[PDB]
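Participant: Okay, here's the structure, questions in a sec.
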Amino acid sequence: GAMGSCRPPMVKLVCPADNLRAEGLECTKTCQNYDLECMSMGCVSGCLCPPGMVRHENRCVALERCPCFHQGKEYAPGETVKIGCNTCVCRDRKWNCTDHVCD
């Protein structure tokens, strides 16, 4: 289940038999699995951004270009929201709060 398309072929990658070729690296990376181990891959052939990138919302972005996720809702990155008295700006996948406090 990947609800995707691959009309234009980039390159054909053939599944090995005795697995003595192992592509040439380890499992792929995603904004979620970047640090979360992937379960042994089963000849899952697919197309996507070249190596060194991660998958997000079917949109190809790099770990740096990965935005901040807000409870199912995704607000444009580099922007800010108000949570009570303290406010912060979405930068680097984590909340970057200004520095001041209301306590």
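Going by the structure tokens order, chains are called A, B, ..., each with residues numbered from 1, while ligands are numbered from 1 in the order shown.
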Considering only C-alpha atoms, return as a PyMOL selection string whatever protein or nucleic-acid residues lie within 7 Å of residue 63 (chain A), sequence-local ones (same chain, fewer than 4 positions apart) excluded.
Facilitator: chain A and resi 31+53-54
Participant: Please produce a file of those selected residues containing N, CA and C atoms, as a PDB file, in the first residue's frame.
Facilitator:
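Result written to again.pdb:
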ATOM      1  N   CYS A  31      11.491  11.120   7.301  1.00  0.00           N
ATOM      2  CA  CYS A  31      11.464  12.127   8.364  1.00  0.00           C
ATOM      3  C   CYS A  31      11.053  11.475   9.686  1.00  0.00           C
ATOM      4  N   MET A  53      17.731  11.814   0.786  1.00  0.00           N
ATOM      5  CA  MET A  53      16.476  12.521   1.094  1.00  0.00           C
ATOM      6  C   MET A  53      15.545  11.625   1.915  1.00  0.00           C
ATOM      7  N   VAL A  54      14.456  12.207   2.435  1.00  0.00           N
ATOM      8  CA  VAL A  54      13.488  11.451   3.247  1.00  0.00           C
ATOM      9  C   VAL A  54      12.072  11.686   2.705  1.00  0.00           C
TER      10      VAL A  54
END
Participant: Can you pull out every residue within 10 Å of residue 10 (chain A), counting only C-alpha atoms, but drop anything in the same chain fewer than 4 positions away, and send it as a PyMOL selection string?
Facilitator: chain A and resi 6+47-48
Participant: Could you dump the residues just selected with N, CA, C and O atoms as a tab-separated table (two decimals), in the first residue's frame?
Facilitator:
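In the end it all went to again.tsv:
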chain	number	residue	atom	x	y	z
A	6	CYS	N	4.61	5.58	-11.00
A	6	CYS	CA	5.99	5.59	-11.51
A	6	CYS	C	5.98	5.48	-13.03
A	6	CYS	O	6.64	4.61	-13.60
A	47	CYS	N	9.96	4.17	-6.52
A	47	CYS	CA	10.64	5.35	-7.06
A	47	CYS	C	10.46	6.52	-6.10
A	47	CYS	O	9.42	6.65	-5.45
A	48	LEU	N	11.47	7.39	-6.02
A	48	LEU	CA	11.39	8.55	-5.15
A	48	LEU	C	12.68	9.38	-5.25
A	48	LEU	O	13.62	9.00	-5.94
Participant: Enumerate the residues of chain A with a DSSP assignment of strand (DSSP E or B), computed from the backbone, and present them as number ranges by chain.
Facilitator: A: 30, 54-56, 59-61, 70, 73, 80-83, 86-91, 94-97
Participant: Give me, as CSV, each residue of region 16-72 of chain A that comes within 7 Å of region 83-101 of chain A, together with its shortest interatomic pair and the distance in Å at one decimal, counting only C-alpha atoms, with rows ordered by chain and rising residue number.
Facilitator:
residue,atom,partner,partner_atom,distance
A:64,CA,A:92,CA,6.6
A:66,CA,A:93,CA,6.4
A:67,CA,A:93,CA,5.4
A:68,CA,A:93,CA,4.6
Participant: Would you output that residue set with N, CA, C and O atoms, as an mmCIF file, in the first residue's frame?
Facilitator:
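Writing done, so here's part_23.cif:
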data_model
loop_
_atom_site.group_PDB
_atom_site.id
_atom_site.type_symbol
_atom_site.label_atom_id
_atom_site.label_comp_id
_atom_site.auth_asym_id
_atom_site.auth_seq_id
_atom_site.Cartn_x
_atom_site.Cartn_y
_atom_site.Cartn_z
ATOM 1 N N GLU A 64 16.460 18.671 6.503
ATOM 2 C CA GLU A 64 16.432 20.100 6.808
ATOM 3 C C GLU A 64 15.125 20.747 6.339
ATOM 4 O O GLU A 64 14.596 21.637 7.004
ATOM 5 N N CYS A 66 12.312 19.439 6.142
ATOM 6 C CA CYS A 66 11.156 18.810 6.775
ATOM 7 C C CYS A 66 10.467 19.833 7.712
ATOM 8 O O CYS A 66 11.125 20.394 8.591
ATOM 9 N N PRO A 67 9.184 20.105 7.554
ATOM 10 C CA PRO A 67 8.465 21.097 8.418
ATOM 11 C C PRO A 67 8.085 20.527 9.785
ATOM 12 O O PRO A 67 8.474 19.413 10.143
ATOM 13 N N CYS A 68 7.290 21.299 10.529
ATOM 14 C CA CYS A 68 6.812 20.879 11.846
ATOM 15 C C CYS A 68 5.366 20.407 11.734
ATOM 16 O O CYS A 68 4.550 21.041 11.065
#
Participant: Restricting the calculation to only C-alpha atoms: of A:61, A:72, A:28, A:46, which residue gets closest to residue 11 (chain A)?
Facilitator: A:46
Participant: Just how far from CA of residue 14 (chain A) is CA of residue 26 (chain A), in Å to one decimal?
Facilitator: 16.5 Å
Participant: Quick check, in Å to one decimal: how far apart do CA of residue 59 (chain A) and CA of residue 32 (chain A) lie?
Facilitator: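 Separation of CA of residue 59 (chain A) and CA of residue 32 (chain A): 13.6 Å.
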Participant: Rank nothing, just name the residue among A:44, A:35, A:3, A:29 nearest to residue 15 (chain A), using only C-alpha atoms.
Facilitator: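 Selected residue with least distance to residue 15 (chain A): A:44.
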